[PDB]
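In structure tokens, one chain follows: the form deposited in one PDB entry.
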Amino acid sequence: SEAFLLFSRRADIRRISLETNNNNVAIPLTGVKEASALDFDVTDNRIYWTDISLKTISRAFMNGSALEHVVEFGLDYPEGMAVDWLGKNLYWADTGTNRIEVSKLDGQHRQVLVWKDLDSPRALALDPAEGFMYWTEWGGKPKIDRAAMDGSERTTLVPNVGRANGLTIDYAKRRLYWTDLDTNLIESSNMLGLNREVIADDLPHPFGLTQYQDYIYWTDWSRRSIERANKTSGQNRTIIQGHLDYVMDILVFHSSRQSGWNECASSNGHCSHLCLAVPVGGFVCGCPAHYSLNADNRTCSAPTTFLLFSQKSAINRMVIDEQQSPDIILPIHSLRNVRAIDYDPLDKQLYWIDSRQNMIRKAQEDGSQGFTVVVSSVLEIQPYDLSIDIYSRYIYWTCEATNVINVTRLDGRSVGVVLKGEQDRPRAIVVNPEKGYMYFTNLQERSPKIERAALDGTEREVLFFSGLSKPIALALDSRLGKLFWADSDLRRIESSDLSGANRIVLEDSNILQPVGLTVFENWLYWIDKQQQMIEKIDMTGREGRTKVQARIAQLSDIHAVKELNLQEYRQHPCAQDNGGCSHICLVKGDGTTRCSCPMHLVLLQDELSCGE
């Protein structure tokens, strides 16, 4: 079969026939803005490339059909990428995020393999028949590292090298080739990083590299050319095509580059999600980010409890574990602006306020099942904060424009408004359905108040009026009986019992702009927008205040998620049939349902339904 050379340049991907006359023809793609890294799947006649200007990784057939963006979230500088043709896995290295990741070639089951002690990985090469992957690290002390293709047993192969590119494996001869972008030469070694040799040393600006049969191919940005030489001696040089500046990558397309066999090539190793090569020609099963490998070492369990954090245009998920597993960004299309978040642990649906379109949306964490719970016709609404009554299946939300607390069912049907006052400015809100109360900040002019009312708007009381400037965020823990708030002006986090007793200041130093709070197990997490940090404090008092993650920009909300106990959930009196209440079921006194109505309706004689 014929051998072809593919090179990327600017926004085009071109194919050069080596065995015939050099014939330059572009791959008929569309919508490419800056093509950088290249690979191919010999089975599918499929080409793969990263795009540094769109921060995506895409694939298509050589004829341009079936254009597919397989990675589109959470990339910064994806300058390294390789196709695992035995396991059908896509690998990539992101120089910006300092991550080496993997997924199926169609994009499913994305997972992070290398993230700790990793500084700017750039060039990536795979040996799935052996279980090893190799990559060049630029930032800091540059080096060429090696790991198993599941990320395990990372080791440094070549520690004394400059920044390197074109990591290429000569599988037939068991040799590594790379260009050194700082010493400006081309060298090679065996697979252990030993028996090093310099292939060509007189080149001004050698950038890209590939290998084929008896030859290496390189591109030189100063010579503006693609060239071929003897892979062992560097002589027998010829120019393949000149007058090509800023060729981002070159690659030989032929079946002999993708050969061999491992246990993933058959039935995906009977692995449910990911089949990942490890030495020596064996494999292990892998799972999407934050999933757990089950007891059989074949199937995967989704995470039951986690933390969700929001920024301006992304919502992220982190978990606490013994891998210190990295946070990931949820692949939610139709997310433009987030200002606040909440989660329904019954249907596993994530909810958020979009302040650009002034809506409340919901979707699965895989992006699907997008739905708009609250929307304004093209007067004007402006949601500010939200809190979900998981038992009554309601969202309690604040509207900045109209200064009301409104209630909407998760299917979008309006329940009604439970707070409206001339002077009222309800902004932050968290509901306590277990005890029939909601807690909200009332940013009235000159008198910011923390208030409580019944879930039907009655039994209104001011909890705190002094010591407040901008109470901007609430959280609560019904188990411990505590309420929490952050003041973004006074730069502190305070706590008090749900009754309004025992108010203490938990943290008041080294905080700039606290904008959110959540409770996870025995810890209180918060987010500092100005300091770009997530921090936590042990509410038992044992462990000191701890930094969780830093340099996170545009932080907006934080929200803990606990695995919902279904037996306990079904025991709440409003959980089944809303206690027979047409609109509002609230727990009062001796744990019994009492029905109530929004402020535009009045309870009917049956005392279960609401009327005019």
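Start at 1 with the first residue shown and count on from there. Throughout, rigid core stands for the largest set of C-alpha atoms superposing within 1.5 Å between the two forms.
K.L.:
Looking at the other compared entries that model residues on both sides of it, is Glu380 unmodelled in at least a third of them?
P.N.:
In at least a third of the other entries, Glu380 has no coordinates.
K.L.:
Using what the record says, work out whether there is a hole in the model between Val378 and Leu379 and how many deposited residues it spans (none, 1 to 3, 4 to 9, 10 or more).
P.N.:
Unresolved stretch here: 4 to 9 residues.
K.L.:
On average, which has the higher Cα B-factor in the deposited entry, 416-424 or 155-163?
P.N.:
Here the higher of the two C-alpha B-factor means belongs to 416-424.
K.L.:
So which stretch wins on mean C-alpha B-factor, 294-302 or 308-316?
P.N.:
According to the PDB entry, the answer is 294-302.
K.L.:
Sorting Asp456, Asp119, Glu227, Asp127 by Cα temperature factor from the record, which one lands on top?
P.N.:
Comparing C-alpha B-factors across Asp456, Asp119, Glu227, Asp127, the top value belongs to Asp456.
K.L.:
What's the residue among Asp170, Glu322, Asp354, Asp342 with the greatest CA temperature factor in the PDB record?
P.N.:
Highest CA B-factor of the listed options: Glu322.
K.L.:
What third of the chain, by the recorded C-alpha B-factor, contains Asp51?
P.N.:
CA B-factor rank for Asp51: lowest third.
K.L.:
When the deposited Cα B-factors of this chain's modelled residues are ordered and cut into thirds, is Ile216 in the lowest, the middle or the highest one?
P.N.:
As the PDB entry reports it, the C-alpha B-factor of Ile216 lands in the middle third of its chain.
K.L.:
Relative to the other modelled residues of the same chain, rank the CA B-factor of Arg10 and answer lowest, middle or highest third.
P.N.:
CA B-factor rank for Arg10: middle third.
K.L.:
Sorting by Cα B-factor within the chain, modelled residues only, which third would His572 end up in: lowest, middle or highest?
P.N.:
As the PDB entry reports it, the C-alpha B-factor of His572 lands in the highest third of its chain.
K.L.:
Compare the C-alpha B factor of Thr441 with those of the other modelled residues in its chain, then answer lowest, middle or highest third.
P.N.:
Within its chain, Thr441 is a middle-third residue by C-alpha B-factor, going by the deposited values.
What follows is about the form deposited in another entry, which we do not show.
K.L.:
Quick check on the comparison between the shown form and the other one: with the core aligned, only one of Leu105, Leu335, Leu126, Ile388 should show a Cα shift of at least 2 Å. Which one is it?
P.N.:
None of the others reach 2 Å, which leaves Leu335.
K.L.:
Superposed on the rigid core, does the Cα of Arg14 end up 2 angstroms or more away between the shown form and the other one?
P.N.:
It does not reach a 2 Å shift.
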